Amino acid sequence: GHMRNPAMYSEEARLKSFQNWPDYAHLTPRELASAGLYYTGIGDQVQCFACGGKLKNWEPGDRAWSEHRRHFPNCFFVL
């Protein structure tokens, strides 16, 4: 399948999307961007540049790579 958002292929562009990322979310922009996730600007809601998979309600103890892979098995980025 196709890369859903090529504008967010750069890990640096994913990091820059984390403006006003909330304190309660616990996971950092650095970890989320490294797992292919960028910020949508809403709550703690992130999206994968590769599969377009959407993730929210991050809890302390979550790992960005694990949640991404477990919920989106079709994703080429975390496969």
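Quick note: we count residues from 1 along the sequence shown, nothing fancier.
Compared with other deposited structures of the same protein, residue 26 meets the criterion of being unmodelled in at least one third of those that resolve residues on both sides. Comparing 17 to 25 with 63 to 71, the higher mean C-alpha B-factor in the PDB entry belongs to 17 to 25. In the deposited entry, the Cα temperature factor of residue 35 sits in the middle third of values across the chain's modelled residues. Residue 50: CA B factor lies in the lowest third for its chain, per the PDB record.
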